[PDB]
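Side-chain atoms are counted along with the backbone in the values below, which use heavy atoms only and exclude waters and symmetry mates. Numbers restart at 1 for each chain; the letters A, B, ... are given by sequence-line order, proteins then strands.
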Amino acid sequence: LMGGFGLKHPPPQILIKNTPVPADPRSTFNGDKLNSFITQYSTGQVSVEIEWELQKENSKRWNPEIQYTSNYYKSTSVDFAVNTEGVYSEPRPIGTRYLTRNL
Amino acid sequence: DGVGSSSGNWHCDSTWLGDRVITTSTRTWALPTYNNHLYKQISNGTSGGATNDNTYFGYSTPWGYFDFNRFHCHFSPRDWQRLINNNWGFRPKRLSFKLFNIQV
């Protein structure tokens, strides 16, 4: 109901964790669990690639369609770009429905 | 092919294949007799109100000719939209011409 593709078997969820590294323990045995660790974090790269299938539009409409376009007039900044501070923003929401079809 | 059979069919279509598009158009025409079947000398000169810039000499014939040399002949407004929004360039390659179903 938020929109999308419903899936019985959606793309699986991917879990990631840092392995705990203990700090130096006591030199005499204690049976309690170890609560003292070295502080860590990790960084890296992630890639994702999706193949999409397209359904081409085949239409006998004579007159031109409605299209999504960018504003022609001058502006202080470009839409869908960074500003002076280096912040990327998205000006408006963009839907999918422009071309037409007979009911 | 006698008087009772048609010598062609109506083709108006566009086909978008990959790196090319093919347009085809059909129209109905009417051809009058011009000049009463005569060739005629025509001219214009400065003897009348014509200035020297507009003078000419030539001939009008008793013949017609076909002109498809405008783009709206070959493209619907929607086809022209597909072209100009999606492509960096285009050029013509080859053409075919047919003249059929004549009646005097």
Side-chain angles (χ1 to χ4, degrees), chain A residues 3 5 50-73 94-103, chain B:
Chain A
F5 303 94
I50 297 173
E51 180 177 359
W52 301 90
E53 187 181 5
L54 298 177
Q55 189 175 0
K56 302 307 288 184
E57 169 269 341
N58 192 33
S59 178
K60 299 297 285 188
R61 167 168 173 157
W62 181 260
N63 53 333
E65 287 292 331
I66 292 171
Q67 300 285 306
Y68 175 79
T69 187
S70 66
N71 291 333
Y72 174 82
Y73 179 73
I94 301 171
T96 319
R97 289 171 176 166
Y98 289 91
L99 299 174
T100 55
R101 186 200 287 268
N102 288 131
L103 188 147
Chain B
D1 55 351
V3 299
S5 179
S6 66
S7 60
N9 284 332
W10 190 272
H11 302 289
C12 287
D13 196 5
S14 63
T15 301
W16 294 84
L17 291 171
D19 54 348
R20 57 176 184 180
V21 60
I22 298 170
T23 59
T24 184
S25 296
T26 308
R27 301 291 184 272
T28 298
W29 51 266
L31 186 283
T33 296
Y34 289 110
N35 281 346
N36 289 282
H37 304 287
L38 295 173
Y39 288 83
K40 293 173 181 176
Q41 173 179 346
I42 59 175
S43 64
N44 192 32
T46 192
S47 178
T51 186
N52 188 37
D53 289 342
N54 290 290
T55 58
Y56 65 87
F57 182 88
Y59 298 98
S60 63
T61 66
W63 287 83
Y65 65 95
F66 287 98
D67 187 7
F68 49 92
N69 192 24
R70 298 175 71 184
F71 281 106
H72 58 57
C73 298
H74 311 284
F75 288 95
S76 65
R78 171 55 185 156
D79 280 341
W80 185 255
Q81 193 182 8
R82 293 186 179 92
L83 178 67
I84 63 173
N85 284 342
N86 294 283
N87 291 284
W88 275 351
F90 62 94
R91 56 182 181 187
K93 302 301 284 188
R94 58 173 300 279
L95 67 80
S96 295
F97 181 85
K98 290 177 180 177
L99 196 296
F100 60 95
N101 284 337
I102 289 98
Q103 47 187 12
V104 179

Undergrad: Given the rule in the side chain to side chain contact (heavy atoms under 4.5 Å, CB included) test, do B:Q81 and B:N86 qualify, once you have shown the distances and angles that lead to the verdict?
TA: CA-CA 8 Å; B:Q81 193 182 8; B:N86 294 283; over 6 Å; no

Undergrad: Return the minimal non-hydrogen interatomic distance between B:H72 and B:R70, and the atom names on each side.
TA: NE2-CZ, 3.2 Å

Undergrad: Nearest heavy-atom pair of B:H74 and B:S25: which atoms, and what distance?
TA: CA-OG, 4.0 Å

Undergrad: For the side chain to side chain donor-acceptor pair (under 3.5 Å) test, which of B:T24, B:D79, B:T23 pairs with B:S14?
TA: B:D79

Undergrad: Under 30°, 30 to 60°, or over 60°: which ring-plane class applies to B:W80 and B:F75, parallel, tilted or perpendicular?
TA: perpendicular

Undergrad: Tell me whether the count of non-hydrogen atoms from other residues, nucleotides or ligands lying under 6.0 Å of CG in B:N36 goes above 12.
TA: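 At most 12 heavy atoms, drawn from other residues, nucleotides or ligands, come within 6.0 Å of this atom.
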
Undergrad: So which heavy atom on A:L99 is nearest to which on A:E65, and how close?
TA: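 Distance-wise, the nearest heavy atoms are CA-OE1, 3.5 Å.
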
Undergrad: For B:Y65, I'd like to know if atom OH has over 12 heavy atoms of other residues, nucleotides or ligands within 6.0 Å.
TA: no

Undergrad: Could you measure the distance from the CG atom of B:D13 to the OG1 atom of B:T26? Nearest 0.5 Å is fine.
TA: 10.0 Å

Undergrad: Any donor-acceptor pair under 3.5 Å linking the side chain of B:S43 with the backbone of B:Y56?
TA: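 Judged by distance alone, no pair lies under 3.5 Å.
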
Undergrad: Please determine whether the number of non-hydrogen atoms from other residues, nucleotides or ligands lying under 6.0 Å from atom NZ of B:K98 exceeds 12.
TA: no

Undergrad: Have B:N35 and B:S60 got a donor and an acceptor in their side chains that come within less than 3.5 Å?
TA: yes

Undergrad: Does CD1 belonging to B:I84 count more than 12 external heavy atoms closer than 6.0 Å?
TA: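 Counting other residues, nucleotides and ligands, CD1 of B:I84 exceeds 12 neighbours.
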
Undergrad: Does B:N44 reach the main-chain N or O of B:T55 with its side chain, forming a donor-acceptor pair under 3.5 Å?
TA: no

Undergrad: Minimum heavy-atom separation for B:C73 to B:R27, with atom names?
TA: O-NH2, 3.8 Å

Undergrad: Please report the closest heavy-atom contact between B:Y59 and B:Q41, naming both atoms and the distance.
TA: CD2-CA, 3.7 Å

Undergrad: Would you please classify the geometry between the A:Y98 ring and the A:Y68 ring as parallel, tilted or perpendicular, with 30° and 60° separating the classes?
TA: perpendicular

Undergrad: Distance from A:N63 atom CG to A:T100 atom OG1, nearest 0.5 Å?
TA: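 Answer rounded to 0.5 Å: 8.0 Å.
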
Undergrad: Please report the closest heavy-atom contact between B:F100 and B:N9, naming both atoms and the distance.
TA: CZ-O, 3.3 Å

Undergrad: Are the side chains of B:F90 and B:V21 in touch, meaning some heavy atoms are under 4.5 Å apart?
TA: no

Undergrad: Could you check whether atom CH2 of B:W29 has more than 12 heavy atoms from other residues, nucleotides or ligands sitting under 6.0 Å from it?
TA: yes

Undergrad: State whether the number of non-hydrogen atoms from other residues, nucleotides or ligands found under 6.0 Å of A:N58 atom CG is greater than 12.
TA: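 Check fails, neighbour count at 12 or below.
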
Undergrad: So with a 6.0 Å cut-off around CG of B:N69, is the heavy-atom count from everything else above 12?
TA: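 Counting other residues, nucleotides and ligands, CG of B:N69 stays at 12 neighbours or fewer.
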
Undergrad: Just by distance, no angles: are the side chains of B:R78 and A:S59 close enough, under 3.5 Å, to form a donor-acceptor pair?
TA: no

